[PDB]
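In what follows, chains are A, B, ... by sequence order, proteins preceding strands, each numbered from 1. Note that these values count all heavy atoms, side chains included, but never hydrogens, waters or copies made by symmetry.
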Amino acid sequence: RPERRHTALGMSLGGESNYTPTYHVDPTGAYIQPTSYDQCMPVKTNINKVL
Amino acid sequence: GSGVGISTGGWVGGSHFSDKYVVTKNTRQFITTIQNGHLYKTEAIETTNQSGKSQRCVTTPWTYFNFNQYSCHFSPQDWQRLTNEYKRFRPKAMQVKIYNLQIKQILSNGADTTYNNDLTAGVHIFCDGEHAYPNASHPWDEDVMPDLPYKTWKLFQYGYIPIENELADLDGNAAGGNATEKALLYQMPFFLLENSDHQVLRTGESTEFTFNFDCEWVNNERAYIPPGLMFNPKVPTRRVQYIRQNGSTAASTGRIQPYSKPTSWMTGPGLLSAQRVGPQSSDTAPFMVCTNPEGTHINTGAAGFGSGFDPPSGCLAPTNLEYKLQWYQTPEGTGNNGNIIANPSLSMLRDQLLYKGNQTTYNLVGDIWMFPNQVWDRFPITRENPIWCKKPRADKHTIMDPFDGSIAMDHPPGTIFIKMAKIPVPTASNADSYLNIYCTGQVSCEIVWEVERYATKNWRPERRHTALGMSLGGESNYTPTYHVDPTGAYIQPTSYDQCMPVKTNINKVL
Amino acid sequence: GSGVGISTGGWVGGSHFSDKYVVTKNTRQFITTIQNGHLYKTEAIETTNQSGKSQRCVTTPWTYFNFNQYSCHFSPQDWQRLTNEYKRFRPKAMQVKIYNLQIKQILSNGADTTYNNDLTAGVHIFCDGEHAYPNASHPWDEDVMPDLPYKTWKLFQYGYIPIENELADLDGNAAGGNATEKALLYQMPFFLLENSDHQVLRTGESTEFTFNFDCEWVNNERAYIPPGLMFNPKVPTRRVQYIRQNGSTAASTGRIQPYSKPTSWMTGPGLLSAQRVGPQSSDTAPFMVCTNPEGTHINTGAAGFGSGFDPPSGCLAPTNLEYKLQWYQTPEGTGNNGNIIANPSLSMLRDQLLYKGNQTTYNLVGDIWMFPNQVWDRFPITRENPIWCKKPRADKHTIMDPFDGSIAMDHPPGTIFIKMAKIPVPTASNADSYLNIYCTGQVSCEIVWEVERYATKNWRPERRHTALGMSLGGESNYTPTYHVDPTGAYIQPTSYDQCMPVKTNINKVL
Amino acid sequence: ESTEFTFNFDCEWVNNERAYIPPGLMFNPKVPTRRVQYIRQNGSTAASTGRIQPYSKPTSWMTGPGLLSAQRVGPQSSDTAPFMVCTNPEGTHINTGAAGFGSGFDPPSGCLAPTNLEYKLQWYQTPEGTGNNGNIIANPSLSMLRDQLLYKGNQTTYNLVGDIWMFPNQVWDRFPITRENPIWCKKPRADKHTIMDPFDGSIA
Amino acid sequence: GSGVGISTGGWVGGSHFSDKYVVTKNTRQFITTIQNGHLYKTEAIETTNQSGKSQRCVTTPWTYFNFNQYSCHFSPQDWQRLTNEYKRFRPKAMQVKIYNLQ
């Protein structure tokens, strides 16, 4: 089967007027921080390992 | 050693990913049977006959191996890893083996039937790599190798269309006498697979065929902006835009604005004008590619003669559902059940449009042809798409982009034909009775795929094909896509995104 | 030569004892059949449903060879001689051969069935030594190789648990919408044994697999005293014992008595607190090891999610029968019939206790965890115990002592999978009918065991496993243990001591 | 002028692979088991001996250690952690007690399921971040070697074991580190130490 | 040559992914200032003093480079590609350069 992967679709908009994605720069120049643990792209999620 | 009781080859499968190469091995269990009672026949293929659409094919005894689709060679895991980790891929080489043959006799007394292994019966196996016979494979056929390695592969009969029927219709009239119409029949080619030399194999024997591709790449990288935005909106431009007088407003000369600069690039070709026709029975496509030499007689007209060209819009935005490419996952699929519709891959070289402005406003250009400075991306193939298409042999041809996405090769992989060697039976009549047998065996296709890994200076994350992009199915609906129902049924993807298309994930600077 | 009519291998068996090595050879006659009609299926495993305990497994067509148990490799004579004459032993190397295959077709007309040998049918054989597929073998299964070399070995179907069911339960609610619960399903692995390459064998052919262990020893030597008595009661001690004031009695400082010196060593870990739960149907173990990630929905709770950890008391004295390890000799065994309960081996590193004193008296510490200076002996394995256990792949793990006694190996012997190659049958429908066959053959496991002989300065005799330690059984009850009933039934040991455990006979100075 | 410094690590791997099932389900539910489950008499119901069911086999593996018993204390100002690791040699004087002396050990639950938000690891992306603004809470990675629990059954039912210590046959995965986690941690210089898993996920 | 007016080193950055190795390069512009007026001091660190929690630290003039976090070394792209394509990773070697001082 397919496996889970960290995807940019796992991101949210932010900044002023809220059209800037995560990890991107606000019109003021501010860098949009991830708002959730999954936008931080943790390990031990994607790849499967037979026990 | 060799003989009955010594297996000819083992089972191969899996995939080995590298940086330069991907080697996908597969093995299936196939069954082929006596077709047409060992006869060649040319019969008319008739629909409900509500319209005069008809076809004529010559059906052989032969059956054939169709390896053309991605679903066969890649598992959903192998595909996901392919389209996530690699910007482009093509098939270096292909190796097919047919081994572990078993020819068994079918003994039927009343209802119950028994199976006895004769061991002296052979099978004919013929690979056409020169394409001297008409091609069996055609894109989007259901004859293709199965997805699941443990399913049996039932081969399909080989046939071909000797002539275009309505051209040969004989309908004519008393006034014309259809002389040019008979001339088409008089030269109507008839191909026997027995002309060529081919191998006859018994149970102990096997065979092997190797093919070497040379073809174009399949590019997995996405365009984030249209080629029209390839400029810098901060820098002013030197160009002038003169607008002629419109009504009251006077003609104005002025510098083009910095934020909208002129593009040197234009929309990839496609045709939105036409619409589908008629009932599901007749050929419905919006455009009909047909041949109508002078003097022949066509009574039905329209789609009776000619084959429909679909999808008509190559790069253009599929305004309507008619234009969107669509298929079924399973041959059991009926209307709206199990159908998958192509959706935007969100690649800006894909789903283009072109607007012709008048003085007051802009209007959609229905059909656009090849024009210089057109750039576009080929259809975002999924895992269920055909791999290749056979390019016709013709003097002249334009750029080859099949709008289904398949690669047009002038020498695709040869079609491997196989049939039961006819075992005659004594009969006092002319009834030319034969012995009823079938052959099952193990075919293994092993392809070497040439891949090249992406590299990017992009800071941000990129889209990837994820299993979270799947839906539940089956009975009680707790089984995911690409997984097996409690009954044993394999859960098919219900959406284009579950088919994991290319040209979605990886970004490419225009 | 090779072919039908030439046996591939002969029968091997017996044991050759040496000082350094013991080589135990065994050969059995196995039979495997078509499983699931050549399908993969994921179905719910449902109990009486008095409790919400449920399971979901994906059942394959494959069957497998389980060699894990001592009873298979050693006869009662070979075991007695092993445990009497040797202080420790481990499996150097293992060699499995599968030969003399016979694939026969099952012809059933009405009630009576006939068996015809086709000779062209193969079998798939696959050994997983990398453990890429889920492990088939689990300790204490009934699927293991038979004890008696003349009994037929019927293999069991291979299946595995793709997901924890209650985590995937779909139960949820209207408020939560079970998003994290679908996420577990969306990534639920699905393994096909057809992915990997494997061998296909006909009657003339055979195959062979070798394995090389590296693992810990199994120590047969007994502790005559606890590590707490490792002192000399005649010599005075320098230490002081201060006892705080208790009630009226004043605080007393004084030298510790010579006969009871302080021990630097503590009780091996174990858990006596928990007790078993519920009916025999549900999972009853005293402790439940479970996983409950946030956001998932569990309606049943308790043992519905999670697997029970038993025996809970690793080294501790089994206060109650619940804690004692227990099994059945024969799959026909029902409650109290043919069950064997583990008894004390009278090893003083085994069956330890720990008492927490207050001022007035001492009280039993219910559950003790890993603590420094803990020394203990592993479970005194008998001849019916599993040899090995598969250690999970995990970042961190503590000391590995399975309380069943088995050895935890991170790469145990590979599981050999075998199945009937599917022989398809022609059918006018989609009914995908197949030909009904089975395969019997001869498998021979030959293991090289690394042994080392004891030496002692003890003057006295030591305990040894003796045939006088047996009981009569069978009809008329004149047949001993490990012997054959007049009907032909093999008399099973009725007690733990007739199973000849280790860590009983030989003494080891602490 | 400039300068240059080179360092050579030798350390443990950071494993990115997920466990799809708990180690307790490592069996085959179709194959029967040889084991017996004896249940002592409970109330009226008599003691029953019987074969363990095929679908639930005993596991040889146990829950990774962690501590759920403690709870956080006091105002945000003082050290709030649920457990306090402190040193109090004899003869010294401590007036304040409690968390005044000692440093808090958090997150207390290493592998265990974070029953409450207090136990979940949490941080801020930006130093401008105040309460609930810009804070990120660790969530389940859906790895079955992670977020384990252990239930102690009595005769009638099962109950959660609050705090579990190192015990043999414990297997677990380290914290699912994100991109914002520290890479390493400095292991103290000490005579004895147990297994090193920092519950923040960093490498010691 | 060397001296004022000759830059000591250039800017490095990016990442090169391989099968065995990943080399993540980074360069930053740092600023350090006089701390404590060039003094060592041991002062009590006092909170609101609602509770008796207190701390004592000796503060140096020195400042230091902290490289410890993954966010520093990997971009979100380099991280995504790391965690999607690789089952395990560890830091072989580290090389720090301090140049172009002003």
Side-chain angles (χ1 to χ4, degrees), chain B residues 30 32 35-36 40-42 55-70 72-73 90-98 123-145 153 155-164 184 187-201 207-216 218 289 291 307 309 385-419 443 445-449:
Chain B
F30 71 90
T32 184
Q35 301 296 104
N36 282 343
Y40 290 78
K41 300 175 181 177
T42 60
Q55 198 69 261
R56 184 185 300 174
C57 60
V58 45
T59 60
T60 62
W62 295 85
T63 57
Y64 64 95
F65 296 92
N66 188 343
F67 297 103
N68 184 342
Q69 190 176 359
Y70 293 99
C72 308
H73 306 289
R90 64 175 179 183
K92 290 302 288 185
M94 178 172 173
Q95 185 182 359
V96 177
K97 291 180 177 178
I98 296 169
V123 295
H124 298 285
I125 294 172
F126 172 70
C127 181
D128 183 5
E130 297 178 352
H131 300 287
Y133 300 99
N135 60 341
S137 296
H138 185 273
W140 298 100
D141 287 345
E142 292 179 351
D143 64 9
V144 191
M145 186 175 180
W153 179 7
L155 282 35
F156 284 83
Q157 188 179 359
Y158 170 68
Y160 62 95
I161 298 170
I163 192 166
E164 186 175 2
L184 287 173
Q187 47 179 11
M188 176 170 71
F190 173 65
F191 299 97
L192 298 180
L193 275 296
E194 288 81 357
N195 288 337
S196 55
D197 297 349
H198 57 269
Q199 298 175 336
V200 177
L201 272 64
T207 192
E208 179 180 0
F209 302 102
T210 64
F211 182 81
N212 291 127
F213 297 83
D214 191 3
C215 56
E216 61 182 340
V218 177
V289 177
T291 58
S307 64
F309 176 80
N385 292 119
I387 298 172
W388 58 84
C389 184
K390 183 177 171 59
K391 186 190 295 179
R393 295 176 182 174
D395 297 348
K396 303 296 181 180
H397 62 80
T398 62
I399 183 168
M400 298 284 99
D401 176 56
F403 295 165
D404 62 12
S406 62
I407 295 170
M409 297 181 72
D410 56 354
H411 294 290
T415 300
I416 297 172
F417 299 98
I418 183 167
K419 76 185 190 72
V443 60
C445 182
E446 179 176 2
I447 298 177
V448 176
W449 296 85

Visitor: For the CD1 atom of B:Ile418 and the OG1 atom of B:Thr63, what is their distance to the nearest 0.5 Å?
Guide: 6.0 Å
Visitor: Taking side chain as C-beta onward, heavy atoms only, is B:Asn68 less than 4.5 Å from B:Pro413?
Guide: no
Visitor: Pick one: which of B:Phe156, B:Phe65, B:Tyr158, B:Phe209 meets ring pair (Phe, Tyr, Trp, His ring centres under 6.0 Å) with B:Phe417?
Guide: B:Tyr158
Visitor: Between B:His73 and B:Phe67, is there a donor-acceptor pair closer than 3.5 Å when you use the side chain of the first and the backbone of the second?
Guide: yes
Visitor: For B:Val144 and B:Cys72, work out which heavy atoms get closest and say how close.
Guide: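 So the minimum-distance heavy-atom pair works out to CG1-SG, 3.3 Å.
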Visitor: If you round to the nearest 0.5 Å, how far is CG of B:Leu201 from CD1 of B:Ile125?
Guide: 4.5 Å
Visitor: Of the non-hydrogen atoms in B:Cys215 and B:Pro91, which two are nearest, and what is the gap between them?
Guide: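 For B:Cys215 versus B:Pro91, the nearest heavy atoms are SG-CD, 3.9 Å.
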Visitor: Parallel, tilted or perpendicular for B:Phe213 and B:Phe211, by the 30°/60° rule?
Guide: perpendicular
Visitor: Kindly give the heavy-atom pair with the smallest separation between B:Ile416 and B:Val96, and that separation in Å.
Guide: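 Shortest heavy-atom contact: CD1-CG1, 3.6 Å.
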Visitor: So, for B:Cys445 and B:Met145, which heavy atoms are closest and what is the spacing to 0.1 Å?
Guide: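 Smallest heavy-atom distance, with atoms named: CB-CE, 4.4 Å.
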Visitor: Counting only heavy atoms not in B:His138 (residues, nucleotides, ligands), do more than 12 fall under 6.0 Å from its NE2?
Guide: no
Visitor: Side chains of B:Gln199 and B:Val123, heavy atoms from C-beta outward: is any pair under 4.5 Å?
Guide: no
Visitor: Find the distance between NE2 (B:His411) and CZ (B:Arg393) and round it off to the nearest 0.5 Å.
Guide: 6.0 Å
Visitor: What are the two closest heavy atoms between B:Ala408 and B:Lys391, and how far apart are they?
Guide: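 For B:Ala408 versus B:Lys391, the nearest heavy atoms are O-CE, 3.8 Å.
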Visitor: Counting only pairs under 3.5 Å, give me each side-chain donor-acceptor contact of residues 189-198 of chain B, with atom names and distances, residues two or more places apart or in other chains.
Guide:
{"residue": "B:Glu194", "atom": "OE1", "partner": "B:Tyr40", "partner atom": "OH", "Å": "2.5"}
{"residue": "B:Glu194", "atom": "OE2", "partner": "B:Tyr40", "partner atom": "OH", "Å": "3.2"}
{"residue": "B:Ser196", "atom": "OG", "partner": "B:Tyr133", "partner atom": "OH", "Å": "3.0"}
{"residue": "B:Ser196", "atom": "OG", "partner": "B:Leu193", "partner atom": "O", "Å": "3.3"}
{"residue": "B:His198", "atom": "ND1", "partner": "B:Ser196", "partner atom": "O", "Å": "3.4"}
{"residue": "B:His198", "atom": "NE2", "partner": "B:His124", "partner atom": "ND1", "Å": "3.1"}

Visitor: CD/B:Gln157 to OG1/B:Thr32 distance, rounded to the nearest 0.5 angstrom?
Guide: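 Here the interatomic distance stands at 9.5 Å.
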Visitor: So B:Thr59 and B:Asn36, side-chain hydrogen bond (donor to acceptor under 3.5 Å, both in side chains) or not? Walk me through it.
Guide: CA-CA 8 Å; B:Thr59 60; B:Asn36 282 343; 2.7 Å; yes
Visitor: Is a side-chain donor or acceptor of B:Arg56 paired with a backbone partner of B:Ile163 at a separation under 3.5 angstrom?
Guide: no
Visitor: What heavy-atom pair brings B:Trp449 and B:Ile387 nearest, and what distance separates the two atoms?
Guide: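 Taking every non-hydrogen atom into account, CH2-CD1, 3.8 Å.
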Visitor: Test: salt bridge (charged side-chain N to carboxylate O under 4.0 Å, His left out). Region: residues 399-419 of chain B. Which pairs qualify, not counting sequence neighbours?
Guide: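 Residue pairs with at least one partner in residues 399-419 of chain B: B:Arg378-B:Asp401.
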Visitor: In Å and rounded to the nearest 0.5 Å, what is the NZ to OG1 distance from B:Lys41 to B:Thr60?
Guide: 11.5 Å
Visitor: So, taking the atom named OG1 in B:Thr210 and the one named CD in B:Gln95, what distance separates them when rounded to the nearest 0.5 Å?
Guide: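 Output value for this atom pair is 7.0 Å.
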Visitor: Between B:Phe126, B:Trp62, B:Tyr64, which is the residue that forms a side chain to side chain contact (heavy atoms under 4.5 Å, CB included) with B:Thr415?
Guide: B:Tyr64
